[PDB]
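>>> When you get a sec, could you give me coordinates for this:
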Amino acid sequence: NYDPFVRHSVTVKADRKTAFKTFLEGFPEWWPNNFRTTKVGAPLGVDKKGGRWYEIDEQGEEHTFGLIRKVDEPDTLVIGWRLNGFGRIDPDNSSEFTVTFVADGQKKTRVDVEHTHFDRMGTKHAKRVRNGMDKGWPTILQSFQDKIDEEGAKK
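Numbering: from 1, shown residues only. Let me share the structure:
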């Protein structure tokens, strides 16, 4: 995945609404690696007005993940992510990802990511982005599943 082709699948033990609300609304309601406020995990994060990402800090907008291409209800979501790096020119490219929501019996949900274009361009960029994003991206994904699973089926 990631380099030869981008494809990730997440299983939700809840409903279509609960899964969407915890991703586009519930920001400071997580836990995995957001043991802070203002600087990370602000009472917003996601912008459902124009279609972008922006955290709210005491001095203004701090960090951002990327931008949103289209918001076709809690069914189709297209987004674009940036990359890490310290002493490097701003990544004027970004990678696009297609998110598809599948509902199973309304009591179960499945979400997959499909794309083929800005994925097969990693290699050197792979190690570059994995030097920051990997230290939380795959970790939060696994934790998200268990979190929603608990707030639905487990509890």
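>>> what's the single longest helix in this protein?
Using DSSP state H, we find that the single longest helix of the chain is helix 137-149.
>>> which outside residues touch the longest strand along the chain?
Longest strand in the chain, counting residues (DSSP state E): strand 95-104. Under the criterion C-beta atoms under 8 Å, 6 or more residues apart in numbering, residues 6, 15-16, 19-20, 69, 74-81, 83, 109-115, 117-119 lie in contact with strand 95-104. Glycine gets a C-beta too; all of them are placed from N, C-alpha and C.
>>> which residues of this structure fall in strands?
Going by DSSP E, the chain shows strands at 9-12, 45-47, 52-54, 56-57, 60-61, 66-72, 76-81, 95-104, 108-114.
>>> which residues does residue 34 contact?
Residues in contact with residue 34, defined by C-beta under 8 Å, 6+ apart, are 28, 40-41.
>>> no, scratch that, I was asking about residue 94
66-67, 80-83, 118.
>>> try residue 70
Taking C-beta under 8 Å, 6+ apart, we find residue 70 in contact with 51, 76-78.
>>> Please indicate which of those are buried?
77-78 (16 or more other C-beta atoms under 10 Å).
>>> Can you name the two of the contacts of residue 70 that sit furthest apart?
Comparing every pair within the contacts of residue 70 by C-beta to C-beta identifies 51 and 76 as the most remote, at 13.1 Å.
>>> The contacts of residue 94, buried ones only, as a ChimeraX selection?
Per 16+ other C-beta under 10 Å, the buried members of the contacts of residue 94 correspond to this ChimeraX selection:
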select :66,67,80,81,82,83,118
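>>> Looking at the contacts of residue 94, spot the one nearest residue 138.
For the contacts of residue 94, the nearest to residue 138 is residue 81 (13.6 Å; C-beta to C-beta).
>>> Distance-wise, check the closest residue to the closest one other than its chain neighbours relative to residue 153.
Once flanking residues are discounted, residue 81 sits nearest to residue 66: 4.4 Å by C-beta to C-beta, 6 or more residues apart in numbering. Taking C-beta to C-beta, to the nearest Å as the measure, residue 66 falls 31 Å from residue 153.
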